[PDB]
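J.: experimental structure below, sequence on top.
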Amino acid sequence: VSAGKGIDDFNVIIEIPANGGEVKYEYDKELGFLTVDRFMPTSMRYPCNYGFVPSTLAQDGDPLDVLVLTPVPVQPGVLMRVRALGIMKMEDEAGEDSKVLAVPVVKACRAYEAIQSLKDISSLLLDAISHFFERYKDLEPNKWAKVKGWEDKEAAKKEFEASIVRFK
Amino acid sequence: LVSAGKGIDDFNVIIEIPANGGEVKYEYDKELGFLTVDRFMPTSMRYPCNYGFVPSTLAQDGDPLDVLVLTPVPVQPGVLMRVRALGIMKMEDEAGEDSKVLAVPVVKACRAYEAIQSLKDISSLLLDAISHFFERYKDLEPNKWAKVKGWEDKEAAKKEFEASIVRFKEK
Amino acid sequence: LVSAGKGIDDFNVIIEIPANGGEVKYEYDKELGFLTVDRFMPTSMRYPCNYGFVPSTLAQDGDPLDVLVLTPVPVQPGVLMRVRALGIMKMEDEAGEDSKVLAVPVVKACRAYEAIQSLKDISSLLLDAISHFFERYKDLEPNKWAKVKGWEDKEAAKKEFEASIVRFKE
Amino acid sequence: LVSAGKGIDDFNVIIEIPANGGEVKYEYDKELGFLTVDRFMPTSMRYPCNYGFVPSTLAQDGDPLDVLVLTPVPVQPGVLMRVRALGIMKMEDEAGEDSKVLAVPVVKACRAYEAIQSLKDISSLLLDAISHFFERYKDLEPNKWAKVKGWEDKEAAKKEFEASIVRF
Amino acid sequence: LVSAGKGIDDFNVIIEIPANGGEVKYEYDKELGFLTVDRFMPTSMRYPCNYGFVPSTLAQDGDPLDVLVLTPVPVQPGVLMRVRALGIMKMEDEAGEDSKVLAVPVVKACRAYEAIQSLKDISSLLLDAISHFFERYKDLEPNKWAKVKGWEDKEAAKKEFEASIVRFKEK
Amino acid sequence: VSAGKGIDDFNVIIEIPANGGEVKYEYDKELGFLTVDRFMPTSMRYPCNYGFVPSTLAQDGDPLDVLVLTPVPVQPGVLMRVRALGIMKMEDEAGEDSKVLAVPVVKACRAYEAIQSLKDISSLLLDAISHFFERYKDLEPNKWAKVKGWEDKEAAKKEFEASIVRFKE
Ligand SMILES: [Mg+2]
Ligand SMILES: [Mn+2]
Ligand SMILES: [Mn+2]
Ligand SMILES: [Mn+2]
Ligand SMILES: [Mn+2]
Ligand SMILES: [Mn+2]
Ligand SMILES: [Mn+2]
């Protein structure tokens, strides 16, 4: 699967739906199956859809992670075309592991057409997202996470581009 | 790789939208081998039944044959079913004519529907709700519109089905 | 395709029906690479746990080994997971012996079930509800029936497991 | 407090268990004016239709008349609705005879079921599913049994309804 | 006896239908003290927001004043909440006037909507979806009719609110 | 509505269902309605049903808070009979506001019949519960909570009885 055209139109395979999280799925490219990663014994729920960009490689060693805001949750395993608004910088027990924040391309979501950059997102929503990643590992032995903050679309673009070159 | 099936009485449909869904509209991409997001519908309308297509077919629309599938409960998108046609809904939108085959699961899959053999056996109010949905689900989309002409019997459905298999074969 | 896993303590399962599902019975078609509708259940019942099969195995009924998977929340149909067996539900139906392994996610995947290590750690009522389900869910289907012999330990589960793999490899 | 309604073609039902429900059984406490928890049920059985009672009636078992209500979608427990009878399910359990009126919403409330005027209008397969539920849902409790004698017409339903209003 | 509340910036609403619901429509019965079933909708549509009424008010149609309430997530039918008006949707049905106040929760209850103070703060796409719904939701119901005229401002909502209180008091 | 019989069989009116919480309901005794308190900004859900014991009065000025563990979530606004397993001690912005932990009476839930004390509950569940009340007001200015710890049924009973007294005055 291609990574997509670019930062304004790239592909994302959804692993976890908005409002999900009690079970964490991970896509297994080798087997071509959506797989169970872990059951999360906590009261936290994903504030948005969660997935990765195919044909990319982040420092983490996994494909680039993506957070996707949508009007309603998307079924895990589904592929969708999105555009970046910015990027969330964070680190966990493994190291640095930022997540791009995206919405669907205009062709797929007219309701979000007015949302063009990170500033068009309420700080409240960003706070809730940051809060989720700050705390969702609280009850997991040996696991932790710290959100450094948010950066703009250009930062997202750079990490996206660098992610393409790192792949192949 | 997936056959259209045996015939009008037992053919394959891949479900893209579950009954009562539509807020998010999925579409299967044969090239990628993934169910994909087509669009998010901003309208208050919801699909009145399951919606999908017959693999290995080609309608006059240039897209695989559309199929509405009535079932006791909604089916998960991305799932393949065996169905049988009861008839076909004729309509027209901005892109011209279009038709939707109306089907139910084969008897083996749904004994409860065995007595349903034709459009006559479907609640007139259900057929009306299906018509209304397609009449109305494009109301808020710019440069798009739709109009339902009427319903036609199983034989008409059979003709469109057979023809769509031919078009596919010749591609 | 997909291996069965390494052992009775750590093997692969593809989920076909989610816990609390069943109104539609799905089956995974390996030849087509699609989850398919098997049939719609006429009875007003629901699966008491997730239901699936072990890839690259072959039970006596001609299908891969059946597996019942207990999880904190239902798993989406079509998903592959890593599990470990607690025991096996011995049963026969209209097509012969078709026993089903009872499993839970491997520790790595479910810390909440770390303490569960045997059937005896499972609620007695739950096991009863599971037996009752398979005894009854085919009531309104002509010529279909089930008789559950009873539950047996992990060792019974292992032999059945390490026997279905032989049939498949042959 | 709350009347039984106008008649067999239009009477009141307080819903206690929604169609597809059953994992938790509610019952309405008239003395407190609250919907309460009755019991949680282990069985994998789910109610094949909505379940409730007619207020201001008295059945054999000392409780108000039981009603099964078929609707296009489940109804929230604790809600009051106006229904019309199609017939009556005759049955006996370990505590004696305890029939249940089968009903649908009045026409003004559900056009969809307008064509359903009597038991004959109900598929025998749905009746079997309902009968099966009440015969099996107490299986996990030995020495607790249930037997459905069969289904009787609207006139038999009307007799029991009026008889139960008498006792009250 | 539940009062209408303090005023247009803080009044009471009893929710009857949750956002995204509607397949069953409920009505609160003050006389019986029960939420009741009004009707089942055949149309394949869902409410674009929560729907309820202001207690201790009387609209021209003999029922309490209708209110549409936008919230972050659906509210359970039968629940009371404190809201503030943004405007009013003018509409008529088969019998006559049946306008509906549009509201959001008071700031105390919903911080996230603090910046929303007038209709212009609501996306026109949502308002269009709401208007479309009320124009079309009776389409399949016999002897019913609806026509949405447009949106009016907070001052208009206030007028209607205060008058409907007057009517109630007048008996 | 009375508080019920005692610590082993008392009445709870449910306000928030297990797995709910996005809308925080609160029962208004004056109006006789379940009402919206506020919408919760965090991406979290109650790890169990939440409610109160009628005809009680805790120190914060409200009826005694109760957490009820059930096999499935209970509809908000419903009354149920429960039995205490223990009590979660904690302070919030409004001061000491402990919450009794309970399960249904045996008649209502025979599956929980063997659960008689906190020891009988998964420690991971207790941790998920403590964590929830520690964090659920994170994005709420001037609201905060400190869980002191879990205490036994006798502790629960003492608080229960003390809340009865306060209500009676
Ligand atoms: Mg705070
Ligand atoms: Mn990563
Ligand atoms: Mn088409
Ligand atoms: Mn089998
Ligand atoms: Mn009875
Ligand atoms: Mn009105
Ligand atoms: Mn409190």
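T.: Nice, thanks for sending it over. Residues are numbered from 1 along each chain as shown, chains lettered A, B, ... in the order given. Ligands and ions are numbered 1, 2, ... in the order given.

J.: how much space separates residue A:20 from residue E:73?
T.: 15 Å (CB to CB, to the nearest Å). For the C-beta atoms, the positions are set from N, CA and C on the backbone; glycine is no exception.

J.: please say which of these two ends up with more neighbours.
T.: Taking neighbours as other CB atoms under 10 Å in any protein chain shown, residue A:20 and residue E:73 compare with residue A:20 leading, 20 against 15.

J.: so the more buried one makes contact with residue A:45?
T.: Yes. Assessed by CB atoms under 8 Å, residue A:20 is found in contact with residue A:45 at 6.8 Å.

J.: just want the most central residue of chain A.
T.: For chain A, residue A:66 is the residue whose C-alpha lies nearest the centre (CA atoms, centre = their mean; 2.1 Å).

J.: please enumerate the helices of chain A.
T.: A:123-135, A:153-166 (DSSP state H).

J.: which non-adjacent residue is nearest residue A:71?
T.: Closest residue to residue A:71 apart from its sequence neighbours, by CB to CB, 6 or more residues apart in numbering or on different chains: residue B:40 at 5.0 Å.

J.: the one you found and residue A:108 touch, don't they?
T.: Yes. Applying CB under 8 Å as the test, residue B:40 and residue A:108 come out as touching, 6.4 Å apart.

J.: residue contacts, residue A:55?
T.: Residue A:55 is in contact with A:1, A:2, A:3, A:63, A:164, A:167, A:168, counting by CB atoms under 8 Å, 6 or more residues apart in numbering or on different chains.

J.: same question, residue A:70
T.: Contact analysis of residue A:70 by CB under 8 Å, 6+ apart lists A:18, A:48, A:49, A:103, A:104, A:109, B:24, B:40.

J.: so which residue of chain A comes closest to ligand 4?
T.: residue A:33 (20.5 Å; CB to the ion).

J.: that residue bridge partners, please.
T.: The partner list for residue A:33 in beta bridges (DSSP bridges) reads residue A:28.

J.: doesn't residue A:56 make contact with residue A:164?
T.: Yes. Contact between residue A:164 and residue A:56 holds when scored by CB under 8 Å: they sit 6.2 Å apart.

J.: need the residues touching each of these two.
T.: Contacts common to residue A:164 and residue A:56, judged by CB under 8 Å, 6+ apart, are residue A:3.

J.: max-length strand in chain A?
T.: strand A:79-92 (DSSP state E).

J.: so which elements touch that strand?
T.: strand A:9-16, strand A:65-68, strand A:99-104, helix A:123-135, strand A:145-151, helix A:153-166, strand B:34-40 (3 or more CB pairs under 8 Å, 6 or more residues apart in numbering or on different chains; DSSP states H and E).

J.: same thing but 7 Å
T.: Helices and strands touching strand A:79-92, by 3 or more CB pairs under 7 Å, 6 or more residues apart in numbering or on different chains; DSSP states H and E, are strand A:9-16, strand A:99-104, helix A:123-135, strand A:145-151, helix A:153-166, strand B:34-40.

J.: okay, the ones you listed in JSON lines with distance to ligand 5 next?
T.: Formatted as JSON lines, the entries for the helices and strands packed on strand A:79-92 read as follows, by distance: least, CB to the ion, whole Å:
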{"stretch": "strand A:9-16", "distance to ligand 5": "46"}
{"stretch": "strand A:99-104", "distance to ligand 5": "53"}
{"stretch": "helix A:123-135", "distance to ligand 5": "48"}
{"stretch": "strand A:145-151", "distance to ligand 5": "55"}
{"stretch": "helix A:153-166", "distance to ligand 5": "63"}
{"stretch": "strand B:34-40", "distance to ligand 5": "47"}
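
J.: hmm, back to that, for the contacts of residue A:70, which one is nearest ligand 6?
T.: residue B:40 (30.5 Å).

J.: which parts of chain A sit against ligand 2?
T.: A:60, A:62, A:65, A:97 (CB under 5 Å from the ion).

J.: was I right to think the last one contacts residue A:89?
T.: It refers to residue A:97. No. Using CB atoms under 7 Å as the test, residue A:97 is too far from residue A:89 to be in contact (9.1 Å).

J.: what residue of chain A is the furthest out?
T.: What lies farthest from the middle of chain A is residue A:141; by CA atoms, centre = their mean that is 23.2 Å.

J.: look up how far chain B lies from that residue.
T.: To chain B, residue A:141 is 34 Å away according to CB to the nearest CB, to the nearest Å.

J.: same question, residue A:23
T.: If you go by CB to the nearest CB, the gap between residue A:23 and chain B works out to 16 Å.

J.: now do stretch A:124-142: everything it contacts.
T.: Stretch A:124-142 is contacted by residues A:41-42, A:44, A:46-48, A:67, A:88, A:90, A:93, A:143-147, A:150, E:112, F:41-43, F:127-128, F:131, F:135, F:138-139 when judged by CB atoms under 7 Å, 6 or more residues apart in numbering or on different chains.

J.: swap in stretch A:18-37?
T.: A:13, A:15-16, A:38-40, A:44-46, A:48-49, A:70, A:73, A:76-77, C:2, C:72-73, C:75, C:78-81, C:105, C:109.

J.: if you set the cut-off to 8 Å instead, what comes out?
T.: By CB under 8 Å, 6+ apart, stretch A:18-37 touches A:13, A:15-16, A:38-40, A:44-49, A:52, A:54, A:70, A:72-74, A:76-77, A:136, B:33, C:2, C:14, C:33, C:71-73, C:75-76, C:78-82, C:105, C:109.

J.: ok, residue A:104 touching residue A:112?
T.: Yes. Applying CB under 8 Å, one finds residue A:104 in contact with residue A:112, separated by 6.6 Å.

J.: and the residue of chain A found nearest chain F, what does it touch?
T.: Chain F sits closest to residue A:47 of chain A, with a gap of 4.1 Å, by CB to the nearest CB. Going by CB under 8 Å, 6+ apart, residue A:47 touches A:18, A:125, A:128, A:129, A:132, F:43.
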